[PDB]
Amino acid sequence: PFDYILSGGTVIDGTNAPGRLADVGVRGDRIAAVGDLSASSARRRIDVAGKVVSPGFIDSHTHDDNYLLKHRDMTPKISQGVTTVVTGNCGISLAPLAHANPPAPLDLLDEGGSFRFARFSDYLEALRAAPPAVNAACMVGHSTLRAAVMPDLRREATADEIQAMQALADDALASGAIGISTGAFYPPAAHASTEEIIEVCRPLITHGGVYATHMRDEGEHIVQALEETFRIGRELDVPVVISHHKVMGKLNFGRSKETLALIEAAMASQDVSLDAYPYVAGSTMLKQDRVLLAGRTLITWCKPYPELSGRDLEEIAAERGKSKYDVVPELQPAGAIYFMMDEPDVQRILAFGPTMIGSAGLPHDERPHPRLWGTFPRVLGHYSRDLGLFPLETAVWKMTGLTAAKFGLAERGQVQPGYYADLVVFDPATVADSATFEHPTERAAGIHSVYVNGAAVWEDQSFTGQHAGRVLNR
């Protein structure tokens, strides 16, 4: 007998096919059957008429490394239908690094002395011992590696330092890491050469992991950054994942046509993937960057001046008698939201076939970017339903089947007999992102229930207490 059957709803199986009326039976942590299950005995037959039953959403781009440990409920994500998170992005991973004051943007994961894992395996062991509500597919970050090995980050790494970082990366992969990420855009790795990155990532071919990247530049020099990324992919001979693809800065608006063409062309000869979030504003460490600071900028948190959280940077700068660019140093370390993208480009990138959905949520932020709480429902509701950017099955595929495939998450991402029971029950008519920049932590609408490995983690708009997530391996 099945533990339960989700009956009377419409199944969108995650294979990018129109939904069909069918029941979904679960036994233990597996989807036992799909279709007319009236003849199957079940201990519970849950009515989900008028709802869609889809695979659990897989957040392809998170910075939930530490949040998984400190807030196992993972409410920001399960409330949106997320059942699996990919961590350690943009070269930023919680482990391996024992440091009381890690360099920005590593501080985006810190809650105070959070970087206490000397070995990547220690981190994974911690997760397994006290599992979060969602599954975790963890990558090790190149910048974290640099911080752990290099006494001076403002230069290229020596052969010895590269050897030290490669050893840590190899141990991480051996321990279960699904890949290695880089973020040469940030200070810790700005001086890292392409060759350094290649040598440190050599182990990916041996362990079969992926190379993920926050490209060196996403504006004026994005073509060069894209070419570097493709080159790295060819040298390593592993799948590459371009993180939160965008074209930032007014001088680059409309260039998504150009970048997507280059990416599509690359996909014809090598393994390339990409993800993006559904918003026109970015968010990360407060940084002295003339493009990031060109437009509206909001502070998400501020160490030296906590009372600045939520304030508009232009106001702060103007009142301190300086430009936003010049006032940044005295406010660091801090975080911010940057309105530097254009809706047309965001829509073009989301619509681009292969683009997976990734939130890039920064969970520890005092006044966070709403993507942390509304990314997935925003794609399913606002973009798919209300704007018709793509049919619902395609929007679902972009956050389930496609993603599971690109990250090698076996037996997940599809509503298929035999696959793991990571599932979401949502109302296609009402699903919507409630989080706004003004109120960035509002729970999404239309999310009925969420299951991870068969156990309900989200029901009646609350965490059930089921710490059902598992550390996954590629």
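Heads up: residue numbers just count along the shown sequence, starting at 1.
Mean CA B-factor, 160-168 versus 368-376: the higher value falls on 160-168. Just going by the entry, 149-157 versus 295-303 on mean CA temperature factor gives the higher value to 149-157. Going by the entry's values, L308 shows the largest Cα B-factor out of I357, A281, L308, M285. For the set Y211, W397, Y277, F117, the PDB entry assigns the largest Cα B-factor to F117. Ranked by Cα temperature factor within the chain, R474 sits in the highest third according to the deposited record. In the PDB entry, a CA B factor belonging to the middle third of its chain's modelled residues is recorded for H71.
The PDB entry assigns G81 a C-alpha temperature factor belonging to the lowest third of its chain's modelled residues. When the CA B factors of the chain's modelled residues are split into thirds, the value for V425 lands in the lowest one.
Among the modelled residues of the chain, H63 sits in the lowest third by CA temperature factor in this PDB entry.
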